[PDB]
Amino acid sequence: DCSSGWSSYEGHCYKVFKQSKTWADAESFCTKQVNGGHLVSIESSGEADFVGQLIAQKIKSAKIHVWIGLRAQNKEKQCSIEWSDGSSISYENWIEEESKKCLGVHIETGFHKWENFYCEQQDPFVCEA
């Protein structure tokens, strides 16, 4: 029992969106579509199964991925680590796009395995409420 075009699973509503958005925009979008909406939160084996099948119905491309609601909030490029020699990280030369702090699922795992992607890419997503 959800809004039109939304699918139910365990008293939660879900919808796969084909529009490509960055992880951040996708998230805001979800909060504006439904009461309490957010990017999908895969909290269980069964939910993963349901959502994987749900996505597979609309997404057939392997050129892209589908955004899910997990992200590393830390602003730094790496977290709580030092160099293998002990020295702290003073110098940095990161390619912006090599920082992959947002997660998404891909067709090659049947949309199950959480893969790391650069947050500012635009890809389809799934909202849950």
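The numbering used is simple: start at 1 and walk along the sequence shown.
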Segment of higher mean CA temperature factor, 35-43 or 99-107: 35-43
Average Cα temperature factor in the PDB entry - higher stretch of 49-57, 75-83: 75-83
CA B-factor ranking of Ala62, expressed as a third of its chain: lowest
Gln19 CA temperature factor, ranked by third within the chain: highest
Chain-relative CA temperature factor third for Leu70: middle
Assigned third (lowest, middle, highest) for the C-alpha B factor of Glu120: lowest
